[PDB]
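Novice: Pasting a structure here, questions to come.
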Amino acid sequence: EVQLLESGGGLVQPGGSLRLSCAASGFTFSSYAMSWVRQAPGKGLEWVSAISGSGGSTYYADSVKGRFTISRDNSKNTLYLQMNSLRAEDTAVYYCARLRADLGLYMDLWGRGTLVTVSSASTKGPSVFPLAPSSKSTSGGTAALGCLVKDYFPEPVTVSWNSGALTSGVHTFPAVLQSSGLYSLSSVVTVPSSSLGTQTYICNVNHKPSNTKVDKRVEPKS
Amino acid sequence: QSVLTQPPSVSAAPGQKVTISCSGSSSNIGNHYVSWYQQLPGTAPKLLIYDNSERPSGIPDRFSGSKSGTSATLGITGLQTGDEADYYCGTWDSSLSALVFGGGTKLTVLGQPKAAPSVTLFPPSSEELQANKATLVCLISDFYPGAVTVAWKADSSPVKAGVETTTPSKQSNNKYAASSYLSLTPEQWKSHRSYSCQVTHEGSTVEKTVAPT
């Protein structure tokens with residue numbers, strides 16, 4: 001019966017710009033102040049900016065001061081956030097939030113958010129690196145090996161072992177989005193220590209989006 | 001940002017009660033009022049508690065908040081799987097001149113029983129080193145509840161630069177798993193005696209350590 005709805009989320013390059021909008025309804029928009037709060041992927045909330053009820057008074061986090069620009073059009077019930085010179089740090093979900101300061105500070109109604117992904121990076125095939133034997137006194141125990149898939153875009157890559165012949169003891173981890181904006185993951189598989197001497201292990205890494213396939217043998221260290 | 005200090009992860013069984021603490025200073029919690037936000041995974045934050053101890057209408061009486069000096073507290077009785085979420089503590093900081101929040105506390109309603117994390121720290125490959133790059137790889141698996149703290153050591157000095165770590169996602173065995181990557185120069189790797197990955201699950205820590213030679 002009352003809500004805020006963010007729009008204009010997009011991908012932009014480093015040094016680029018972008019205008020976020022927030023449509024409001026169910027209340028007198030100009031009767032309350034507003035706020036932009038952002039959530040970097042897998043990090044905590046961070047306040048960005050806020051604007052007065054009159055619509056004339058603007059405050060900013062020291063991180064976004066002089067680069068971002070809060071604004072509102074009370075005739076059309078809309079908040080906006082002009083973001084200039086955007087850098088990698090700015091990548092997050094941006095939620096428009098109604099601000100209420102009766103007694104103390106609290107944001108009493110949020111939108112669904114909208115993603116902004118500053119990217120210097122386009123479509124890149126992965127580099128594939130050979131994981132250590134890790135014969136670090138595991139003795140009779142399970143000794144496991146793997147492959148590093150580094151600096152590929154966009155998702156996803158697929159990993160198989162000995163062309164999919166070996167799948168028992170395999171663990172392939174989700175990728176990380178790096179500060180570069182570039183995806184990296186690893187796939188590890190545990191086969192007996194004694195077997196290493198006379199068993200070949202090769203990870204097959206296929207990146208459909210760059211049509212890169214790499215076969216990479218992995219066997220002890222010196 | 002994590003201006004305010006919250007505990008990364010708290011856990012309880014359905015029907016029980018939990019308290020989440022928020023640590024600050026004079027400039028923030030000291031003189032100004034605190035609020036609590038529930039972010040259900042994927043969805044936006046929602047106002048839970050405002051003005052230290054006030055609930056919006058429709059937020060149940062299970063939820064309550066307290067504050068004294070430079071710390072505040074969120075109480076939840078009658079725990080249910082629905083409450084399983086990330087919890088944020090929010091106030092005003094006058095010395096930063098900015099609205100500030102805690103790093104956020106992940107809640108894990110205990111359905112299945114706990115498991116201790118297995119850590120496997122592969123070092124930079126000879127191959128990678130020759131390419132003028134060096135990635136320490138920390139693989140963490142078979143733990144519950146789905147919330148860990150990952151710390152990195154250059155010898156015995158803490159390292160938070162060049163660190164990227166995954167959000168815990170359950171693999172085919174209904175158990176959480178995550179990964180952390182430390183980016184070094186070949187010089188950094190060779191100019192230290194050892195590097196270590198410390199994974200802190202609940203009250204415990206498992207550390208793995210790697211030597212260049």
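In the structure tokens, chains take letters A, B, ... by order of appearance, with residues numbered from 1 within each chain and ligands from 1 in the order shown.
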Can you check which parts of chain B lie within 6 Å of chain A? Per residue, the shortest pair of atoms and distance in Å to one decimal, counting only C-alpha atoms, sorted by chain and number, as a Markdown table.
Specialist:
| residue | atom | partner | partner_atom | distance |
| --- | --- | --- | --- | --- |
| B:1 | CA | A:46 | CA | 5.0 |
| B:33 | CA | A:104 | CA | 5.2 |
| B:44 | CA | A:112 | CA | 5.4 |
| B:47 | CA | A:108 | CA | 5.6 |
| B:50 | CA | A:106 | CA | 5.8 |
| B:51 | CA | A:104 | CA | 5.6 |
| B:99 | CA | A:47 | CA | 5.9 |
| B:103 | CA | A:44 | CA | 4.7 |
| B:104 | CA | A:44 | CA | 5.8 |
| B:166 | CA | A:176 | CA | 5.8 |
Novice: Residues within 6 Å of region 2-10 of chain A, please, as a PyMOL selection string. Count only C-alpha atoms; anything in the same chain fewer than 6 positions from it doesn't count.
Specialist: chain A and resi 20-26+111+113-116
Novice: Limited to C-alpha atoms, could you put the picked residues into a file as a compact mmCIF listing (two decimals), in the first residue's frame?
Specialist:
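Done, and the output landed in result.txt:
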# COMPACT_ATOMS: atom_id res chain seq x y z
CA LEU A 20 19.59 6.18 -10.39
CA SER A 21 15.86 7.01 -9.94
CA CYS A 22 13.54 5.97 -7.03
CA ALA A 23 9.74 6.06 -7.62
CA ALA A 24 7.68 6.51 -4.40
CA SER A 25 3.90 6.14 -3.72
CA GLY A 26 1.37 5.84 -0.83
CA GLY A 111 13.17 -0.16 -2.03
CA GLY A 113 17.59 -2.08 -4.50
CA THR A 114 19.25 -1.75 -7.96
CA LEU A 115 22.72 -3.07 -8.98
CA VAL A 116 25.56 -0.80 -10.23
Novice: So what do you get for CA of residue 142 (chain B) versus CA of residue 204 (chain B), distance-wise?
Specialist: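 It comes out at 14.7 Å.
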Novice: Write out as JSON, numbers by chain the set of residues from region 10-178 of chain B that DSSP, computed on the backbone, places in strand (DSSP E or B).
Specialist: {"B": [10, 11, 12, 18, 19, 20, 21, 22, 23, 35, 36, 37, 38, 39, 46, 47, 48, 49, 50, 54, 63, 64, 65, 66, 67, 68, 71, 72, 73, 74, 75, 76, 86, 87, 88, 89, 90, 91, 92, 93, 98, 99, 100, 101, 102, 105, 106, 107, 108, 109, 115, 118, 119, 120, 121, 122, 134, 135, 136, 137, 138, 139, 140, 141, 142, 143, 144, 149, 150, 151, 152, 153, 154, 157, 158, 159, 163, 164, 165, 169, 170, 176, 177, 178]}
Novice: Would you kindly return, as a PyMOL selection string, each protein, DNA or RNA residue with an atom no farther than 12 Å from any atom of residue 115 (chain B), considering only C-alpha atoms and excluding same-chain residues fewer than 4 positions away?
Specialist: chain B and resi 110+140-148+173-177+201-202+204
Novice: Residues as selected, N, CA, C and O atoms, written as a PDB file, in the first residue's frame, can you do that?
Specialist:
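Output file again-v3.pdb is given in full below:
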ATOM      1  N   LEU B 110      19.481 -23.318  13.940  1.00  0.00           N
ATOM      2  CA  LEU B 110      20.093 -24.672  13.840  1.00  0.00           C
ATOM      3  C   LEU B 110      19.000 -25.709  13.542  1.00  0.00           C
ATOM      4  O   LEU B 110      18.288 -26.133  14.494  1.00  0.00           O
ATOM      5  N   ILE B 140      37.959 -23.836   2.050  1.00  0.00           N
ATOM      6  CA  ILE B 140      37.261 -24.130   3.335  1.00  0.00           C
ATOM      7  C   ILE B 140      35.994 -24.915   2.999  1.00  0.00           C
ATOM      8  O   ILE B 140      35.232 -24.452   2.116  1.00  0.00           O
ATOM      9  N   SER B 141      35.769 -26.050   3.663  1.00  0.00           N
ATOM     10  CA  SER B 141      34.663 -26.979   3.322  1.00  0.00           C
ATOM     11  C   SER B 141      34.147 -27.713   4.559  1.00  0.00           C
ATOM     12  O   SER B 141      34.838 -27.714   5.605  1.00  0.00           O
ATOM     13  N   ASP B 142      32.959 -28.312   4.402  1.00  0.00           N
ATOM     14  CA  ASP B 142      32.279 -29.202   5.384  1.00  0.00           C
ATOM     15  C   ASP B 142      32.233 -28.510   6.752  1.00  0.00           C
ATOM     16  O   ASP B 142      32.902 -28.964   7.694  1.00  0.00           O
ATOM     17  N   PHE B 143      31.456 -27.432   6.832  1.00  0.00           N
ATOM     18  CA  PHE B 143      31.131 -26.720   8.090  1.00  0.00           C
ATOM     19  C   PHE B 143      29.666 -26.267   8.080  1.00  0.00           C
ATOM     20  O   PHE B 143      29.068 -26.092   7.004  1.00  0.00           O
ATOM     21  N   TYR B 144      29.134 -26.071   9.286  1.00  0.00           N
ATOM     22  CA  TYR B 144      27.781 -25.555   9.628  1.00  0.00           C
ATOM     23  C   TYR B 144      27.877 -24.979  11.042  1.00  0.00           C
ATOM     24  O   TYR B 144      28.498 -25.620  11.901  1.00  0.00           O
ATOM     25  N   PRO B 145      27.318 -23.774  11.359  1.00  0.00           N
ATOM     26  CA  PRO B 145      26.535 -22.922  10.449  1.00  0.00           C
ATOM     27  C   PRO B 145      27.277 -22.054   9.410  1.00  0.00           C
ATOM     28  O   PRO B 145      28.430 -21.707   9.612  1.00  0.00           O
ATOM     29  N   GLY B 146      26.575 -21.714   8.324  1.00  0.00           N
ATOM     30  CA  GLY B 146      27.149 -21.097   7.110  1.00  0.00           C
ATOM     31  C   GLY B 146      27.595 -19.668   7.336  1.00  0.00           C
ATOM     32  O   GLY B 146      26.965 -18.763   6.762  1.00  0.00           O
ATOM     33  N   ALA B 147      28.652 -19.465   8.122  1.00  0.00           N
ATOM     34  CA  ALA B 147      29.245 -18.134   8.386  1.00  0.00           C
ATOM     35  C   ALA B 147      30.603 -18.301   9.074  1.00  0.00           C
ATOM     36  O   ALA B 147      30.621 -18.667  10.265  1.00  0.00           O
ATOM     37  N   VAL B 148      31.691 -18.001   8.360  1.00  0.00           N
ATOM     38  CA  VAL B 148      33.077 -18.102   8.897  1.00  0.00           C
ATOM     39  C   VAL B 148      33.722 -16.716   8.902  1.00  0.00           C
ATOM     40  O   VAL B 148      33.208 -15.777   8.269  1.00  0.00           O
ATOM     41  N   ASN B 173      26.554 -32.060  -0.447  1.00  0.00           N
ATOM     42  CA  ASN B 173      26.415 -32.823   0.817  1.00  0.00           C
ATOM     43  C   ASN B 173      25.661 -31.966   1.839  1.00  0.00           C
ATOM     44  O   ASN B 173      25.799 -32.224   3.060  1.00  0.00           O
ATOM     45  N   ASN B 174      24.930 -30.943   1.383  1.00  0.00           N
ATOM     46  CA  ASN B 174      24.116 -30.034   2.245  1.00  0.00           C
ATOM     47  C   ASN B 174      25.000 -29.383   3.327  1.00  0.00           C
ATOM     48  O   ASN B 174      24.492 -29.073   4.419  1.00  0.00           O
ATOM     49  N   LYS B 175      26.291 -29.203   3.038  1.00  0.00           N
ATOM     50  CA  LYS B 175      27.286 -28.555   3.931  1.00  0.00           C
ATOM     51  C   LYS B 175      27.909 -27.343   3.217  1.00  0.00           C
ATOM     52  O   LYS B 175      28.212 -27.438   2.005  1.00  0.00           O
ATOM     53  N   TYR B 176      28.141 -26.256   3.956  1.00  0.00           N
ATOM     54  CA  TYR B 176      28.628 -24.972   3.391  1.00  0.00           C
ATOM     55  C   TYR B 176      30.114 -25.104   3.046  1.00  0.00           C
ATOM     56  O   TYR B 176      30.823 -25.941   3.633  1.00  0.00           O
ATOM     57  N   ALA B 177      30.547 -24.315   2.069  1.00  0.00           N
ATOM     58  CA  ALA B 177      31.940 -24.247   1.586  1.00  0.00           C
ATOM     59  C   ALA B 177      32.198 -22.847   1.033  1.00  0.00           C
ATOM     60  O   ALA B 177      31.246 -22.238   0.498  1.00  0.00           O
ATOM     61  N   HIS B 201      35.662 -20.521  12.913  1.00  0.00           N
ATOM     62  CA  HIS B 201      34.267 -21.041  12.928  1.00  0.00           C
ATOM     63  C   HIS B 201      33.761 -21.127  14.370  1.00  0.00           C
ATOM     64  O   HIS B 201      34.435 -21.774  15.194  1.00  0.00           O
ATOM     65  N   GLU B 202      32.629 -20.477  14.660  1.00  0.00           N
ATOM     66  CA  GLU B 202      32.074 -20.321  16.033  1.00  0.00           C
ATOM     67  C   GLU B 202      33.182 -19.784  16.946  1.00  0.00           C
ATOM     68  O   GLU B 202      33.740 -18.728  16.605  1.00  0.00           O
ATOM     69  N   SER B 204      36.046 -21.428  17.597  1.00  0.00           N
ATOM     70  CA  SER B 204      37.293 -22.157  17.240  1.00  0.00           C
ATOM     71  C   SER B 204      37.947 -21.552  15.996  1.00  0.00           C
ATOM     72  O   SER B 204      37.298 -20.744  15.298  1.00  0.00           O
TER      73      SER B 204
END
Novice: Fewer than 3 positions away in the same chain doesn't count, so skip those; otherwise give me all residues within 12 Å of residue 131 (chain B), counting only C-alpha atoms, as a PyMOL selection string.
Specialist: (chain A and resi 127-129) or (chain B and resi 124-128+134-135+185-186)
Novice: Keeping only C-alpha atoms, write the selected residues as a PDB file, in the first residue's frame.
Specialist:
ATOM      1  CA  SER A 127      44.852 -18.688 -16.991  1.00  0.00           C
ATOM      2  CA  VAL A 128      45.143 -22.291 -15.563  1.00  0.00           C
ATOM      3  CA  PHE A 129      47.794 -22.928 -12.817  1.00  0.00           C
TER       4      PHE A 129
ATOM      5  CA  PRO B 124      51.654 -20.108  -5.334  1.00  0.00           C
ATOM      6  CA  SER B 125      52.684 -22.532  -8.169  1.00  0.00           C
ATOM      7  CA  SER B 126      56.223 -22.448  -9.747  1.00  0.00           C
ATOM      8  CA  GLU B 127      54.277 -21.758 -13.016  1.00  0.00           C
ATOM      9  CA  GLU B 128      52.417 -18.704 -11.499  1.00  0.00           C
ATOM     10  CA  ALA B 134      51.449 -15.199  -6.742  1.00  0.00           C
ATOM     11  CA  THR B 135      48.021 -16.374  -5.399  1.00  0.00           C
ATOM     12  CA  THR B 185      53.983 -10.112  -5.786  1.00  0.00           C
ATOM     13  CA  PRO B 186      56.660 -12.866  -6.124  1.00  0.00           C
TER      14      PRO B 186
END
Novice: Have a look at B:184, B:137, B:100, B:161 and name the one nearest to residue 149 (chain A); count only C-alpha atoms.
Specialist: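 Once distances to residue 149 (chain A) are computed over only C-alpha atoms, the minimum belongs to B:137.
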Novice: Would you list the contacts of residue 209 (chain B) as a PyMOL selection string, taking every protein, DNA or RNA residue within 8 Å and counting only C-alpha atoms, but skipping same-chain residues closer than 6 positions in sequence?
Specialist: chain B and resi 121+194-197
Novice: Those residues with N, CA, C and O atoms, as a short mmCIF file (atom, residue, chain, number, x, y, z; two decimals), in the first residue's frame please?
Specialist:
data_model
loop_
_atom_site.label_atom_id
_atom_site.label_comp_id
_atom_site.auth_asym_id
_atom_site.auth_seq_id
_atom_site.Cartn_x
_atom_site.Cartn_y
_atom_site.Cartn_z
N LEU B 121 45.27 -25.27 2.20
CA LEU B 121 45.95 -24.03 1.75
C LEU B 121 47.02 -24.44 0.73
O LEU B 121 48.08 -24.88 1.18
N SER B 194 56.99 -17.43 6.16
CA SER B 194 55.77 -18.27 6.03
C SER B 194 54.54 -17.38 5.86
O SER B 194 54.57 -16.22 6.32
N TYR B 195 53.47 -17.96 5.31
CA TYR B 195 52.12 -17.36 5.21
C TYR B 195 51.12 -18.37 5.77
O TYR B 195 51.35 -19.61 5.64
N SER B 196 50.05 -17.87 6.40
CA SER B 196 49.01 -18.70 7.07
C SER B 196 47.61 -18.16 6.79
O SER B 196 47.44 -16.93 6.70
N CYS B 197 46.66 -19.09 6.63
CA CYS B 197 45.20 -18.83 6.49
C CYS B 197 44.51 -19.30 7.77
O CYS B 197 44.52 -20.50 8.02
#
Novice: What's around residue 67 (chain B) at 8 Å? Count only C-alpha atoms, leave out sequence neighbours fewer than 4 positions away in its own chain, and write the answer as a VMD selection string.
Specialist: chain B and resid 34 52 71 to 73
Novice: Leaving out residue 11 (chain B) and any residue of its chain fewer than 4 positions from it, which residues lie within 6 Å of it when counting only C-alpha atoms, given as a PyMOL selection string?
Specialist: chain B and resi 107-109
Novice: Measuring between only C-alpha atoms, which one of A:99, A:70, A:88, A:159 shows the shortest distance to residue 205 (chain A)?
Specialist: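 Closest residue, counting only C-alpha atoms: A:159.
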Novice: How many Å separate CA of residue 132 (chain B) from CA of residue 192 (chain B)?
Specialist: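 Computing it gives 16.7 Å between the two atoms.
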